[PDB]
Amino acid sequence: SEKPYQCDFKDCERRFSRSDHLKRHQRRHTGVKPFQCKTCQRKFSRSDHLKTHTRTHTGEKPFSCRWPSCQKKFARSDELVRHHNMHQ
């Protein structure tokens, strides 16, 4: 409920609860990409986004569709959420 870390970049009103969350957000302004994929050498701003990117090189799809006669696999949870909502 309290977010004292405010971004003072031009025309930005973002506020955050912790210093790292501010630093993470500020990477969208600066374009800094500290993390690099060891397979394709592409650089990314965040490590968690790098992790899911690597699954494009391995084909790993940990999230499976729970419909018995389907069972499509997906790399990220949000891909499975959209798929499950589609079966409706």
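We number the residues from 1 along the sequence you see.
Look at the C-alpha B-factors of 16-24 and of 63-71. On average they run higher in 63-71. In the PDB entry, a CA B factor belonging to the lowest third of its chain's modelled residues is recorded for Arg46. In this PDB entry, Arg55 carries a Cα temperature factor that places it within the lowest third of its chain's modelled residues. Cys7 sits in the middle third of its chain by CA B factor, as recorded in the PDB entry.
Placement of the Cα temperature factor of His29 within the chain: middle third of the modelled residues, per the deposited record.
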